Amino acid sequence: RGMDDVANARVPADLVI
Amino acid sequence: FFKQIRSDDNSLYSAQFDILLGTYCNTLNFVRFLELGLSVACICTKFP
């Protein structure tokens, strides 16, 4: 993967603490 | 290695590979003594 080594939206959903 | 073939032979259109999926690591955090609460329990000095 890579091969470069040189070296939002408001949705209603409850939230608790 | 010597393989000779006629007009059309199969197994010339295959693909096999095992890509990496990323590398992770962690950076250790360093703590200092004077920042702790144990520093108001003693007096620290130093003689070379």
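In the nomenclature of the PDB entry, chain B is known as Major capsid protein of Human herpesvirus 3. The title given to this PDB entry is "Varicella-zoster virus capsid".

1. Observations concerning the overall build of chain B
Of the regular secondary structure elements, chain B holds zero helices and zero strands. For the C-alpha atoms alone, the extent of chain B along its principal axes is close to 90 × 25 × 10 Å.

2. A word on the packing of aromatic side chains
In this structure the tally under the stated criterion is zero aromatic pairs over all chains. A cation sits over an aromatic face here: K3 of chain B above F1 of chain B, 4.3 Å from the ring centre.

3. Here's the deal with the state of the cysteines
All names here are of chain B. In the structure shown here, the tally under the stated rule is zero disulfides over all chains. Not part of a disulfide, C44 finds its nearest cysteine sulfur in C42, a span of 6.5 Å. With a relative accessible area of 61%, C44 lands in the exposed category.

The rules we used
- Residue indices run from 1 on each chain, following the sequence as it is written; they may not match the entry's numbering, and residues absent from the coordinates are omitted.
- Here the convention is simple: chains get letters from A, ligands get numbers from 1, in the order in which they are written.
- Only some chains of a larger assembly appear here, and every value describes just that portion.
- Processing note: side-chain calculations cover all non-hydrogen atoms of the structure and skip hydrogens and water entirely.
- Residues with missing side-chain atoms are left out of burial classes, side-chain pairs and their counts.
- Going along the chain from the N terminus, every DSSP run of H or I of four or more residues is numbered as a helix, and every run of E of two or more is numbered as a strand.
- By convention, a stacked pair of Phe, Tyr or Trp rings (six-membered ring in the case of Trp) has centres within 6.5 Å and planes under 30 degrees apart, an edge-to-face pair has planes over 60 apart, and any other such pair is tilted.
- Look at NZ for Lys and CZ for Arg. If either is within 6 Å of the ring centre and within 35 degrees of the ring normal, a charge sits over the ring.
- Any two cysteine sulfur atoms within 2.5 Å of one another count as a disulfide.
- Between buried and exposed lies partly exposed: a residue is buried under 20% and exposed over 50% of the maximum accessible area for its type, with that area taken using a 1.4 Å probe on protein chains only.

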